[PDB]
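So the chains spell out like this:
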Amino acid sequence: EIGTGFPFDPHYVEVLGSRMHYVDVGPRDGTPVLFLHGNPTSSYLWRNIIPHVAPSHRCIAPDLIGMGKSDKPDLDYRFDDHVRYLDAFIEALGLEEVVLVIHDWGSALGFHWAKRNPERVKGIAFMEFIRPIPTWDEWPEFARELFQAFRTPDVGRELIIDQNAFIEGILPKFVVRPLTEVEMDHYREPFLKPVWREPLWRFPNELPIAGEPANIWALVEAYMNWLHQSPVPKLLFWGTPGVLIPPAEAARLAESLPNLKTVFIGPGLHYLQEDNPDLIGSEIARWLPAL
């Protein structure tokens, strides 16, 4: 049975003049494991993963700026803003070497940080991560018109900002099993007001699909190139049919990435942590000793 509670004491740290919230559990020494969520989630997404890792390793799960329990400064909320705040968060906590556990826009942040700090990354576990998607044909058909509308002037803001489409529509449609009302209310809480929803609209407008936007496309290409030459231990979780990482892409990564273990989790769309947390958490726990 998949837990709905969030039994983690809040921790806060001042970052660039704002407060950021994070989970921090597990032993106080050793290599920390840094869990990075994406859109439109928070550290809540990791709530059933972390308890598998916390017996043996420090677990740190921040809420990205403007998300979860973190502050909501007056930012553009472009990808580079998230880069700046996560960079400063990692330094504020004095992290030296880390293991990354990353998902969605948290994976773009994590891989981009790893490329810039390769000596500090001891391993990377990832799932449903940001890759350059070559055509809209590789996007799931049932969500293609919706994500094209998110990236259409005016219409996308009406859907995401005014109608909260990313929380009420996309989030439950990208989990195979049904989310409960308690889980939905945890995901809803940081975005109850439209004025808080800018990050939810910025993120799909930065997805690198069919070459655009060019700046994100090049950045993601750069860290994918880094990943392909890196000897760092890697662990990929994938499901079927997937969203960002269809089975054919999981197969391509299994062939091309060095030092990669792959784990098929069964049915899965995008929020794989909500479909098979016990397999994801237990397999990360089993993989960490080999690092």
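- As summarised from the PDB record, the model derives from X-ray crystallography at a stated resolution of 1.6000 Å.

## Here's the deal with the overall build of the protein chain
Then step 1. Summing up its helical and strand segments, the protein chain has 11 helices and 8 strands in all.
Then step 2. Here the C-alpha radius of gyration of the protein chain, 17 Å, is about what a compact globule of 291 residues would show, namely 19 Å.
Then step 3. Projected onto its principal axes, the C-alpha positions of the protein chain cover 50 × 40 × 40 Å.
Then step 4. Counting all 291 residues of the protein chain, 58% fall into the buried class.
Then step 5. Roughly 11400 Å² of accessible area belongs to the protein chain as shown, and the carbon and sulfur atoms make up 52% of that amount.
Then step 6. Taking the average location of the 26 positive side-chain charges in the protein chain and that of its 40 negative ones, the two points are 2 Å from each other.

## Some thoughts on the nonpolar core
Then step 1. Core analysis: the largest hydrophobic core is formed by 80 residues, its most contacted members being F89, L100, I124, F126, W139 and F147.
Then step 2. With 7 residues, helix α9 (residues 214-229) is the single largest residue contributor to this core.
Then step 3. Once residues lying within four places of it in the same chain are set aside, the contact partners of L100 are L34, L36, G110, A114, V121, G123, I124 and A125.
Then step 4. Of all hydrophobic cores here, the second largest spans 24 residues; its members include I50, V53, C59 and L235.

## Description of the pattern of salt bridges
Close approach of charged atoms lets side chains of opposite charge pair.
Then step 1. Here the structure, examined in full by the defined rule, presents 19 salt bridges.
Then step 2. The closest approach of N and O atoms between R188 and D185, which form a salt bridge, is 3.0 Å. Residue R188 and its partner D185 are located together in helix α7 (residues 181-188), separated by 3 residues, close to a single helical turn.
Then step 3. For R188, a relative accessible area of 16% puts it in the buried group.
Then step 4. When its relative accessible area of 40% is taken as the criterion, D185 is described as partly exposed.
Then step 5. Each of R47, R177, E183 and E274 takes part in a single network of salt bridges with overlapping partners.

## Description of the pairing of strand β3 (residues 33-36)
Look at any regular strand and the pattern is simple: side chains alternate between the two faces of the sheet.
Then step 1. A two-sided burial pattern is seen for β3, the buried positions comprising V33 and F35 on one face and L34 and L36 on the other.
Then step 2. Two strands pair when backbone bridges link them, and β3 and strand β4 (residues 59-62) are joined in this way by 2 bridges, in the parallel orientation. Within β4, the position partnered with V33 by the bridge is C59.
Then step 3. Pairing between β3 and strand β5 (residues 98-104): 4 bridges, direction parallel. Across the sheet, the residue bridging to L34 is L100, located in β5.

## Here's the deal with the sheet that holds β3
Sheets are built from strands paired through backbone hydrogen bonds, the pairs being either parallel or antiparallel.
Then step 1. Here we have 8 strands laid out as an open sheet, ordered β1-β2-β4-β3-β5-β6-β7-β8, and mixed in their pairing. Looking at the sheet topology across the chains shown, the edges are occupied by β1 (11-15) and β8 (260-268). In this sheet, adjacent strand axes meet at a mean angle of 20 degrees when their direction is disregarded.
Then step 2. Its contacts with the sheet put helix α2 (residues 79-92) on β1, β2 (18-25), β3 and β4, and the angle it makes with β1 is roughly 115 degrees.

## Things to note about the UniProt feature "domain: AB hydrolase-1" in the protein chain
Then step 1. Summarizing the sequence annotation, UniProt attributes the feature "domain: AB hydrolase-1" to residues 32-156 in the numbering used throughout.
Then step 2. Taken as a whole, residues 32-156 contains 34% helix and 19% strand, while its terminal C-alpha atoms sit 38 Å from one another.

## Re the UniProt feature "active site" in the protein chain
Then step 1. Per the UniProt record, "active site" is annotated on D104, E128 and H270. In three dimensions, the annotated residues from a span of 167 residues occupy one location, with a maximal C-alpha spread of 8.4 Å.
Then step 2. Here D104 is to be found in strand β5.
Then step 3. By relative accessible area, which is 6% here, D104 ends up buried.
Then step 4. Apart from residues lying up to four places away in sequence, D104 is in contact with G38, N39, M127, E128, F129, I130, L244 and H270.
Then step 5. Along the chain, the position of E128 falls in strand β6 (residues 121-129).
Then step 6. Leave out the neighbours within four places in its chain, and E128 touches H103, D104, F237, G242, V243, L244, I245, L269, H270 and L272.
Then step 7. A polar contact of 2.8 Å, which involves the side chain of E128, links it to the backbone nitrogen of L244.

## Overview of the pairing of β4
Then step 1. Neither face of β4 is open: one carries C59 and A61, the other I60 and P62, and all of them are buried.
Then step 2. In this sheet, β4 lies alongside β2 in antiparallel orientation, the contact comprising 4 bridges. The partner of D24 across the bridge, within β4, is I60.

Criteria and thresholds
- Along each chain, numbering proceeds from 1 in written sequence order. Entry numbering may differ, and residues lacking coordinates are not shown.
- Based on all heavy atoms of the structure, the side-chain values leave hydrogens and waters out of the count.
- Numbering of helices and strands runs from the N terminus; a helix is a DSSP stretch of H or I covering at least four residues, while a strand is a stretch of E covering at least two.
- Taken over C-alpha atoms, the radius of gyration is set against a globule rule of 2.2 Å times the number of residues to the power 0.38.
- Buried means the residue's accessible area, taken with a 1.4 Å probe over protein chains only, is under 20% of the maximum for its type, while exposed means over 50%, and partly exposed covers the values in between.
- Using the Shrake-Rupley algorithm and a 1.4 Å probe, accessible areas are obtained, with residue cover drawn only from the displayed protein chains.
- By the counting rule applied here, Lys and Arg register as positive and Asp and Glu as negative, while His and the ends of each chain are not counted.
- The location of each charge is read from NZ of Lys, CZ of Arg, CG of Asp or CD of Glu.
- Nonpolar cores are built from buried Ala, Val, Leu, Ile, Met, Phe, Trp, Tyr and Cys residues. Side-chain atoms within 4.5 Å join them into one set.
- The contact definition used throughout considers only heavy atoms, calling two residues in contact when any of these lie within 4.5 Å.
- We count a salt bridge whenever a side-chain nitrogen from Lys or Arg sits within 4 Å of a carboxyl oxygen from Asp or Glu.
- Any two strands are treated as partners once DSSP identifies two or more bridges connecting them.
- Lines fitted to the C-alpha atoms define the axes, with helices restricted to the stretch that makes contact. Angles between their N-to-C directions range from 0 to 180 degrees.
- UniProt positions are given in the numbering used here, feature names are shortened, and annotations may be inferred rather than shown by experiment.
- Polar contacts, as used here, are pairs of N or O atoms within 3.5 Å; protein pairs need one atom able to donate a hydrogen and one able to accept it. Residues neighboring in sequence count only if both atoms are side-chain atoms.

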